[PDB]
RNA sequence: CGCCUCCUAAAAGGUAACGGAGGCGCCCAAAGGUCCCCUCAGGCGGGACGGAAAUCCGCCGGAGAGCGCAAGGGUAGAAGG
RNA sequence: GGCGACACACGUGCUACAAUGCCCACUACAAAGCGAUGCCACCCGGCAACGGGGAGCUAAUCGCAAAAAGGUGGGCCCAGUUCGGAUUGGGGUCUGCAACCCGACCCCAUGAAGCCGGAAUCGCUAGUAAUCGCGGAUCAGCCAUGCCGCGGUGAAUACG
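Protein chains in written order, with the entry's author numbering: chain v, 2 to 25; chain E, 3 to 182; chain t, 2 to 81; chain n, 2 to 126; chain K, 1 to 137.
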């Protein structure tokens with residue numbers, strides 16, 4: 002949900018990182 | 003049967019009395035008084051089909067056909083319109099009360115509202131004791147079973163007990179710790 | 002939440018004031034001005050005031066918070 | 002069967018089902034399929050009684066959920082009545098307990114719009 | 001201030017009669033004791049008028065007890081002639097008038113303030129008040 | 001304005017009057033004939049949805065509950081359900 | 001303290017009404033930028049954020065960059081729902097001397113509202129709508145969904 006979090010759907014228009022986006 | 007309470011109470015709950023507390027003797031101690039079960043709602047002759055069904059399960063669930071109590075004021079009032087009936091009544095005190103409860107004791111119980119910490123402080127003035135509840139699938143056999151149904155309920159036991167001192171003697175006689 | 006593991010955020014004079022009273026006997030209490038800083042039980046019930054923008058706002062300085070910040074018991078404004 | 006106290010999911014695969022309890026996040030479920038080895042795919046209805054039990058109590062034992070959670074939950078709330086902390090207000094004043102702006106929304110902690118107004122300027126506006 | 005009333009919680013029916021019946025009463029409980037005179041009927045209106053000077057005679061207070069009870073309205077019609085309707089009733093509430101009926105008894109202040117106080121009160125009505133002691137209580 | 005309860009009515013029985021506090025001109029096929037059965041109202045207390053009051057149990061308590069609709073009388077060896 | 005105050009009423013952008021919807025793995029294409037006492041490849045602690053180390057340029061080979069929507073294949077059953085974020089708590093993070101009032105973010109548990117909103121009122125003729133996208137200035141650090149800006153996809157309609 003574009004306005005929530007703990008997802009890569011809302012974290013985009015925000016540009017976070019977390020264990021959700023990196024690589025290793 | 004011949005197991006459970008029988009070769010339990012009478013084989014070991016005897017020497018519980020021996021030294022632990024010197025009451026006196028058998029014929030003159032808190033064996034048990036009776037076994038009480040009832041129900042109350044309101045809904046009814048909304049069509050009366052609300053009554054044909056509720057009554058369809060309640061009793062069979064318990065494994066015995068009891069007596070019925072419905073209809074009083076087919077008009078307004080204060081505490082419900084739809085017929086304004088009542089509920090019902092059922093009772094035991096033989097190896098039958100003994101069977102259904104042993105199964106709800108160490109089985110239906112575990113799957114309960116907070117395991118470690120029962121409620122053994124809901125006592126009367128002598129050998130009376132009252133508790134309220136609401137369930138259907140707590141029936142170790144009837145797990146789930148008719149979601150098309152559901153409804154609340156009210157049950158309580160009665161004992162010869164000198165006071166709620168011995169009603170609580172049975173609390174930790176077999177378990178149900180004082181809510182800690 | 003919160004940040005800064007070890008050396009968090011304190012004063013300097015404050016280090017002293019407590020020290021003494023909790024070294025040579027509880028005895029009395031004190032008073033304070035501006036705000037900011039965490040808390041360490043070297044002063045339970047052994048508190049002061051909190052002259053905010055307007056005026057004072059002292060408290061029993063309870064433990065419970067364990068060693069929580071200052072935000073909790075230090076407020077100010079209008080109302081009603 | 003009942004994994005958590007008086008609680009029952011049914012007619013659905015494990016991954017989903019579980020997630021509707023107290024302390025049950027969209028992740029604690031995954032911890033309970035690696036050490037338990039349980040495959041999410043299979044539904045509840047059918048599954049080895051090993052998985053049914055070696056999980057059921059597996060959960061209610063490992064820690065706390067419904068009830069025990071909600072309790073320690075409100076406990077924090079009340080324990081902020083100590084003497085009356087700041088975030089110990091909003092708590093005791095039916096209001097948002099984590100800084101924001103009480104000059105706009107938040108009809109989520111208060112309730113619906115309790116309107117009731119009345120300013121009467123001259124009729125030139 | 002004061003303006004309300006006191007005459008039964010509500011209606012308690014509306015009609016009674018007469019006598020003389022030699023009244024009576026039994027001793028008391030408080031210290032002093034003032035008996036009455038003349039057998040008849042009593043007007044709560046009279047009661048009030050008494051306690052007034054009674055009290056301001058008692059600047060710091062004074063203090064006294066009372067034994068009685070209202071009973072049933074009056075008859076007297078607003079002019080015409082005779083019947084019953086709703087007249088002569090709701091305008092005068094009476095109580096039993098035992099000759100010698102212990103009206104009030106006295107306390108706190110001995111036969112210094114009390115006495116003359118007592119009097120003025122009893123000294124005022126269409127009768128007289130008298131003494132007490134101990135006796136059988 | 002004819003009848004029903006009760007005070008008035010002064011203890012049998014009667015007692016009037018532009019006095020008193022109030023009801024009826026029906027309903028009923030079951031509220032009727034009968035053989036078996038219970039107890040109440042309620043007060044405290046124990047308790048899902050029960051704030052007096054949905055409902056259930058125990059101690060208690062002679063009728064103040066109850067009985068087609070006003071009173072009176074009656075009645076729990078009840079007519080009462 | 002503080003104009004970032006709260007009994008309510010308006011504007012404007014940002015989201016949920018969901019099954020052309022979903023969420024994971026693997027995969028490919030832009031322009032414009034904008035890198036100095038600065039952009040920080042790449043491995044690793046870490047489940048991760050960060051943090052630790054370290055080379056390029058010495059500045060169009062070294063930096064932000066991998067990308068987005070999307071393709072693939074696998075997994076959902078109009079249920080206010082693998083929908084949804086208000087929402088609270090908790091535990092770590094870092095600019096700053098330090099974040100209660102008001103920081104941003106790492107992860108753990110939280111699910112109102114809402115099946116399209118009355119009377120109404122606004123852009124505009126084609127790359128248009130619409131959509132997915134990245135960067136600028138400013139800012140020590142910021143909720144800047146603001147504002148400047150560059151492109152991946154790409155309609156409809158007009159008597160008068």
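Ideal Cβ placement from N, Cα and C applies to all residues, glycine included.
Q) For residue 138(K), which of helix, strand or coil comes out of DSSP? A) Chain K is shown from 1 up to 137; residue 138(K) falls before or after that span and cannot be answered.
Q: Closer than 9 Å by beta-carbon distance: list the chain E residues that pair up with residue 2(n), in chain order.
A: Here the question's residue 2(n) lines up with position 1 in the fourth chain. The answer, in chain order, is 113 and 145.
Q: Decide if residue 17(E) is buried, meaning its Cβ has at least 16 other Cβ atoms within 10 Å, or exposed.
A: Translated into the one-based positions of the second chain, residue 17(E) becomes position 15. It is exposed - the Cβ of residue 17(E) has fewer than 16 other Cβ atoms within 10 Å.
Q: Return the first residue and the last residue of the alpha helix (DSSP H) that residue 256(E) is part of.
A: Absent from the model: residue 256(E). The displayed extent of chain E is 3 to 182, so no value can be given.
Q | Top-ranked residue by Cα proximity to residue 138(E), from 110(E), 94(E) and 100(E) | A | As a working note, residue 138(E) is residue 136 in the second chain. Minimum Cα distance to residue 138(E) is reached at 110(E).
Q.
Please tell me whether residue 78(K) and residue 89(K) are closer than 7 Å, where the distance is taken between their beta carbons.
A. By one-based count along the fifth chain, residue 78(K) stands at place 78. By one-based count along the fifth chain, residue 89(K) stands at place 89. Not a contact, by the Cβ cut-off of 7 Å.
Q. How would you label residue 104(n), buried or exposed, when you count the other beta carbons within 10 angstroms and need 16 or more for buried?
A. As a working note, residue 104(n) is residue 103 in the fourth chain. The residue is exposed, with fewer than 16 neighbouring Cβ atoms inside 10 Å.
**Q.** Sequence ranges, alpha helix (DSSP H) only - wholly within the segment 13-43 of chain n, length at least 4
**A.** 15-19 and 29-32
Q. Using a beta-carbon distance below 7 Å, is residue 116(E) in contact with chain n?
A. Counted from its first residue, the second chain places residue 116(E) at position 114. Yes - at least one Cβ of chain n is within 7 Å of the one on residue 116(E).
Q. Within this structure, are the beta carbons of residue 57(E) and residue 84(E) separated by less than 7 Å?
A. Here the question's residue 57(E) lines up with position 55 in the second chain. Here the question's residue 84(E) lines up with position 82 in the second chain. Contact: no.
Q | Paired residues, beta bridge with residue 134(E) - DSSP | A | Here the question's residue 134(E) lines up with position 132 in the second chain. DSSP output for residue 134(E) lists 156(E) as bridge partner(s).
Q. Can residue 44(E) and residue 82(E) be called in contact, C-beta distance under 7 Å?
A. As a working note, residue 44(E) is residue 42 in the second chain. As a working note, residue 82(E) is residue 80 in the second chain. Contact flag set, yes.
Q) Does DSSP classify residue 105(K) as helix, strand or coil? A) The sequence position of residue 105(K) within the fifth chain is 105, counting from 1. Strand, per DSSP.
Q) Would you call the CB atoms of residue 128(E) and residue 37(E) closer than 7 Å? A) For the purposes of this step, residue 128(E) is identified with residue 126 of the second chain, where counting begins at 1. For the purposes of this step, residue 37(E) is identified with residue 35 of the second chain, where counting begins at 1. Their beta carbons are not under 7 Å apart, which means residue 128(E) does not touch residue 37(E) by this criterion.
**Q.** Close Cβ partners of residue 108(K) (< 7 Å) along its chain, the five nearest in sequence each way excluded
**A.** Taking the first residue of the fifth chain as position 1, residue 108(K) is located at position 108. Around residue 108(K): 62 and 63.
Q | Contact check, residue 160(E) vs residue 35(E), beta carbons under 7 Å | A | Against the second chain, residue 160(E) aligns to sequence position 158. Against the second chain, residue 35(E) aligns to sequence position 33. Against a cut-off of 7 Å, the Cβ pair of residue 35(E) and residue 160(E) comes out as a contact.
Q) Between residue 31(n) and residue 20(n), is the Cβ-Cβ spacing less than 7 Å? A) Here residue 31(n) is taken as the residue at index 30 of the fourth chain, counted from 1. Here residue 20(n) is taken as the residue at index 19 of the fourth chain, counted from 1. Taking 7 Å as the Cβ cut-off, residue 31(n) and residue 20(n) do not qualify as a contacting pair.
(Q) Within 10 Å of its beta-carbon, does residue 38(n) have 16 or more other beta-carbons around it, so buried, or fewer, so exposed? (A) In the fourth chain, residue 38(n) corresponds to position 37, counting from 1. Residue 38(n) is exposed by the Cβ-count criterion.
Q: Taking only beta-carbon positions, decide if residue 60(n) is within less than 7 Å of chain E.
A: Sequence index remark: in the fourth chain, residue 60(n) carries index 59 (1-based). Chain E, which has no Cβ nearer than 7 Å to the Cβ of residue 60(n), makes this no.
Q.
Suppose you measure from the CA of residue 162(E) to the CA of residue 116(E); what does that come to, to the nearest Å?
A. On the second chain, residue 162(E) is found 160 positions in, with the first residue counted as 1. On the second chain, residue 116(E) is found 114 positions in, with the first residue counted as 1. Approximately 30 Å between the Cα atoms of the pair.
Q.
DSSP has residue 95(K) in a bridge; who is on the other side?
A. As a position in the fifth chain, residue 95(K) is number 95, starting the count at 1. Beta-bridge pairing links residue 95(K) to 42(K).
Q: Answer yes or no: do residue 50(t) and residue 33(t) have a C-beta to C-beta separation smaller than 7 Å?
A: Locating residue 50(t) in the third chain gives position 49, where the first residue counts as 1. Locating residue 33(t) in the third chain gives position 32, where the first residue counts as 1. Yes. Within cutoff.
Q: Measure from the C-beta of residue 65(t) to each C-beta in chain n and report whether the shortest distance is under 7 Å.
A: In the third chain, counting from the first residue as 1, residue 65(t) sits at position 64. Interface residue, yes.
Q) Hey, residue 48(n) and residue 41(n) are a contact pair by Cβ (cut 8 Å); roughly how many whole angstroms apart? A) For the purposes of this step, residue 48(n) is taken as the residue at position 47 of the fourth chain. For the purposes of this step, residue 41(n) is taken as the residue at position 40 of the fourth chain. Contact doesn't hold; Cβ gap of about 11 Å is too wide.
Q) Taking three-plus beta-carbon pairs below 8 Å as touching, is the segment 70-82 of chain E in contact with the segment 97-113 of chain E? A) no
**Q.** Contact with chain t by residue 78(n), beta-carbon distance below 7 Å
**A.** On the fourth chain, residue 78(n) is found 77 positions in, with the first residue counted as 1. It does not: the Cβ of residue 78(n) has no partner Cβ on chain t nearer than 7 Å.
Q: With DSSP as the reference, label residue 11(K) as helix, strand or coil.
A: Reading the fifth chain from its first residue, position 11 is the one you call residue 11(K). It is coil, neither helix nor strand.
Q | Bounding residues of the beta strand (DSSP E) (the contiguous stretch that carries residue 40(E)) | A | Start at 1 with the first residue of the second chain, and residue 40(E) comes out as number 38. Taken as a continuous stretch (DSSP letters only), the beta strand (DSSP E) holding residue 40(E) covers 36-42.
Q. Among 118(n), 117(n) and 101(n), which residue has its Cα nearest to the Cα of residue 110(n)?
A. Reading the fourth chain from its first residue, position 109 is the one you call residue 110(n). The shortest Cα separation from residue 110(n) among 118(n), 117(n) and 101(n) belongs to 101(n).
Q.
Distance check for residue 24(v) and residue 12(v), CA to CA, integer angstroms please.
A. The sequence position of residue 12(v) within the first chain is 11, counting from 1. The sequence position of residue 24(v) within the first chain is 23, counting from 1. For residue 12(v) and residue 24(v), the distance between alpha carbons rounds to 16 Å.
**Q.** In DSSP terms, what residue 125(n) is bridged to
**A.** To locate residue 125(n), count along the fourth chain from 1; it is residue 124. BP columns for residue 125(n) are empty, so no partner.
Q: For residue 45(n), count neighbouring C-beta atoms within 10 Å of its own C-beta (all shown protein chains included) and say buried if the count is 16 or more, exposed if not.
A: In the fourth chain, counting from the first residue as 1, residue 45(n) sits at position 44. The residue is buried, with at least 16 neighbouring Cβ atoms inside 10 Å.
Q: Under the assumption that residue 40(t) contacts residue 68(t) (Cβ atoms under 8 Å), give the Cβ distance between them as a whole number of angstroms.
A: The residue you call residue 40(t) lines up with position 39 of the third chain. The residue you call residue 68(t) lines up with position 67 of the third chain. Right, the Cβ-Cβ distance comes to about 6 Å (below 8 Å), so this counts as a contact.
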